[PDB]
Structure formats: C-alpha cells, structure tokens
Ligand SMILES: C[C@@](Cc1c[nH]c2ccccc12)(NC(=O)Nc1ccc([N+](=O)[O-])cc1)C(=O)NCC1(c2ccccn2)CCCCC1
C-alpha cells in the first residue's frame, strides 16, 4: 500500500524531471555548452535506467513469471551517468582555473563515454522457472560487484574530488590575494608599473633584474608575486603597449581595492611627465631597487604618451573587463557548486545501492530496505533536475 504509492510517486517525479531536462535541451540547443551537454548525457543515462528498471519491478510485483539485454542496458545507464559526472567536474576545473573546435570535442567525448559504457556492459549479457536469475548457485559475483563499484563509483568520484580540490585552492589563493594586496599596498600597484617597463624595454638588461625582483617579492609576498607574474606574462603575450598594459592589469586584478587604487594611480600619472617623486612615493614600501624604480618610471613615461580623453577610455575598458571577469568567475563557481550538489546527491543516493549490491553477492526489514534503496536510486534521478531547478 504505502510502498507502491511512494514508489510510483518518486518514479513519476524522476521520469518527468528527466523528460523535462532533455526536452529543454532539445528546445534550447542554441544555448548549450560543455556543462549543458554533459548534464544532457546524465539525464539520458538516468532516464534509460528508469525505463529499464520499472518493468522488472512491475513484472516481479504484478506477476510471477517473466533477460540478456536489460541488465546490459541498466549498467550502460549507470556508467554513462557517473562518467558524465566525472567529465563535468573536469570541465568545471578546466574552466575555473585556466581561464581565470571545442563543442564538437565535447560531443565526441559523449559518444566515447557511451561507447565505452556499452563495451563495458558487454560482460553483463554473458551471465544474466521463469525468473531471470543471473546469480549462479563464490568469487565471480563479489569480484564483479567490486569491479562495478570501482569503475562506476570510486574512481569517478575520486577524480571529481581531485578536480574540485583545485577549484577550492584557486579561490583560496585569490582570497589570500586582495587581502594581502590591500594590506600594505604600494608594493603592488608600483611593481605592477615596474613590470611594464620590462615589456617596453625588451633588452635582457631589464628582465635580468625583473626576474630577481619577482623572486624577492615571492620570498616576501606570495600573492603579490603570483599576481605580478600573471600580469607580466599576459602583458608580454599581448604586447606583440596599450594592449600589454591592459593584459597585465587584468591578469594582476585576478588574485575591488586594487582596481580603485590602480585607477587613481593612473589618473595621477596622467599629469606627471615630477613623476619621479610619485614613483619614489609608490616604491617607498639596494641599487636594484633604484633600477626597478627607473624601469617603473620608464613605464610611467610610456603611459604619459596618452591624451586625457584616450586614458579615460583605457581605464573604463580596464575596469569593465575587471568587473566582467569577476562576474564570470562568480558564475563559474555557481555552476561548480551546482555540480557539487549533483555529486553530493548522487553519492548519497547511490552509496546505499552500491553497498547493498556488493552485499547481495554474499546472498546470491530486508524487503523494506531493498525497496527504500531502489526508491533512493530513482530519487537520485529525481533530485538531479530538482537541484538544477532550485539552485539555478
Ligand atoms: C541490472 C542488474 C540486475 C538484473 C540482473 N538481471 C536482470 C534482468 C532484468 C532486469 C534487471 C536485472 N544487473 C546485474 O545484477 N548483473 C550481474 C549479476 C550477477 C553477477 N555475478 O554473480 O557475478 C554479475 C552481474 C543490477 O542489479 N545491477 C547493479 C546496480 C543497479 C541496481 C538497480 C538498478 C540498476 N542498477 C548497478 C550499479 C552498481 C550497483 C547497483
């Protein structure tokens, strides 16, 4: 009575959720990216699992008589789901860290995971009255169940956790910076102008001491040094001056106060060409230091070769790009936490199923635990789209 009602309710909820998910993907394929395609693959896998797990239970409940392909399809479904979760976590890591023909590559990766799943579900058809009983009559069931646990639960979630460790680390470093580049500034936002004279004067007589200055800053300020290194790398790449300056400032302002103080310093330098006094004041916070101040003054002079109207457009573009990059990072972390919710619900719902299936290899509230575990397995697919609906 209670069990059939709750089972039908959750089955309907999950089927409707996955159908709505895939239908939304079909309708709005015009807005579909790596994450959208991967959650589409997840929805397809979950829906196939539902459609192949309903009939066996229905036949075993409302009948007593009923084998080589259904378990293959079910294992294919679970493999597709979990490996697409892994690929989605990898996408989140590669999109959050590195950007602090692609879509076709994601599509062929989806094809690849489908194919490797249907190839890894081949052994199922080997060993699967009128009751389709795969379990024959010691080591084969346990070994197969452990293999399914490893291939389908353990290493995929392990990869997801590994690639979220370096999504937490990146944000922790970005938080350490800003706080460090705002407490005792003018070591930053001045060396950031001694990292542009190096770009301007390409002679090795500048970079030879610029590398040493970066090493000293790292010995004295880690976040400042990493921001300066990213700034100079971007500036050198985009130089081949204004583009180099924009790239350097953008890379530096990536781990709120820094943009404001830098805009103020640029405005002050716009009318200094007594610039030496301002450079000395900025660098107040050792002949190598004098040479670095000279290079910073060179970069300030280069910036001075810009009209009042021209510099305003430059600072406006720079601050707009800073804001856009911050917003994109926030959106990326929001999608990362949504996928983390997906992984959490998946583990909470599929750990009981996996542990019970590993235990059942021994036996090749028992009924109530079995039915609640199956309802939980379906509830995973129930709450994936519910999580995406509520969180987004
Ligand atoms: C799909 C089926 C049952 C099945 C076997 N026939 C059928 C005919 C019709 C409908 C269903 C079946 N498949 C095997 O159990 N296959 C197997 C059995 C014994 C041995 N052995 O003894 O070595 C080796 C392999 C199975 O419960 N998956 C195990 C899992 C699962 C549970 C619920 C829903 C989906 N997925 C899939 C992920 C790992 C743990 C749970």
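Our numbering is plain: 1 for the first residue shown, then up by one each step along the chain.
Cβ atoms are placed via backbone N, Cα and C, with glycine included.
These come from Swiss-Prot:
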- 23-36: topological domain 'Cytoplasmic' (TOPO_DOM)
- 37-56: transmembrane segment (TRANSMEM)
- 67-132: disulfide bond (DISULFID)
- 103-123: transmembrane segment (TRANSMEM)
- 144-167: transmembrane segment (TRANSMEM)
- 338-358: transmembrane segment (TRANSMEM)
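Each of 37-56, 144-167, 338-358 was scored by its Cβ pairs under 8 Å to the transmembrane segment (103-123), and the highest score goes to 37-56. Flanking an unmodelled run of 15 residues, residue 285 and residue 286 have Cα atoms spaced 13 Å apart. Non-local neighbours of the topological domain 'Cytoplasmic' (23-36) in the same chain are 43, 88, 91-92, 95, 102-103, 106, 335, 339; each lies 6+ residues outside the stretch with a CB under 8 Å from one of its CB atoms. In the deposited model, 7 residues between residue 364 and residue 365 are left unbuilt, and the Cα atoms flanking this gap sit 18 Å apart. In the deposited model, 2 residues between residue 137 and residue 138 are left unbuilt, and the Cα atoms of these two flanking residues are separated by 8 Å. Gap check: residue 128 and residue 129 flank 12 missing residues, and their CA atoms are separated by 14 Å.
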